[PDB]
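This document opens with one chain alone, in structure tokens, the form deposited in one PDB entry.
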């Protein structure tokens, strides 16, 4: 059966002749025909153009789920929940076994309009983590800090005791990597168990920047900033911060993405003798040793349009990607080309792990149509199949110690509540970022100014936004 689809990902329209989709056609007898051409590169433009047709393609795939769900509410996509319950055993069991993932699939009106492209979140939750210069701790006779007060003592010693050995007070004890204010705050306030965004607490949704922990975080950060413990240029350096500070042997500690930050030991070993930037668990504050840095559960998804003539066959195509072999196909490519089975489990080939032109394993996989964002279920075993030893070590450490808290899910709103919420959320963001940056850099006094700042947030609509967020959760 020839089945029309709108599908794009990373600027490329899905080519059904790629090995992954030829295999799935051989297994399912569904042959996709894309309405997006090989010349289109702008998925937002091509999607909107596609929606002006009198007939929609059989399957509609898009990166932004809220747009798919609105198209469902408008009647352009059909509800899927009865189709799944009646005809898609793999999805039916997946939703039963994963109530969190089921939430991502249910739209604001209680219908399912799209199947998300899920990360394997419960197997790898891990994004950012805390790193510290083990070789500096050791040469200074310091324990690994395990609380925020112990970190303070540690960063003070980094700043005052010349661990890079050059007789200059040039050490930058704590730094971040960011290119906007929200990203700076994200990597500073999590240490103090605060949040710059919305979060979940005791089943309710709350606004990070209005909390007592945020006040305490900014006050402490302002104190550490004044004492030279936090990079004087936190808000002015950009994405070059980590490379500049680590490669010049100035930086002592950070909070940053685990896979990339764990690469510096191997890169700087010949250049900085003894260099060991080491991943540690989140520091404890008042009994809390969690981090709110977490991966997300999905990105994008796909649905069936009102114009598909055989939706039952299409829900089975959707279900194929949740079978054992369909999920392995999507994640790993073709057996005998991208991977072999070793004791029942895929092991990538040299074609994937040692591409002679320098291509990454994921880039090689993408070229066969693996990992092509639709409504499939990523497998963390695909990622561990190629990730570096230090990346995998960091993932395992944070996973085994259960330190990562689930992020607030992507919430669902009607179009009108969304506009209302976004207008409020945008206005408050501007206030929080202005005030927190100035407080951290030592302007004014947060104790004297906190109340008026909270009233400004309330005047911008904080209570209404809380009401909308809690309804949506």
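Residue numbers count along the first chain shown, from 1.
This protein has a second form, the form deposited in another entry, left out of what is shown; the following refers to that one.
Put simply, the chain has two rigid parts that turn between this form and the one not shown, and the hinge between them is at 124, picked from 104, 154, 425, 124. By 3 Å or more, the C-alpha separation between residue 98 and residue 399 grows in the other form relative to the form shown here. Relative to the shown form, the CA atoms of residue 275 and residue 385 are brought 3 Å or more closer together in the other form.
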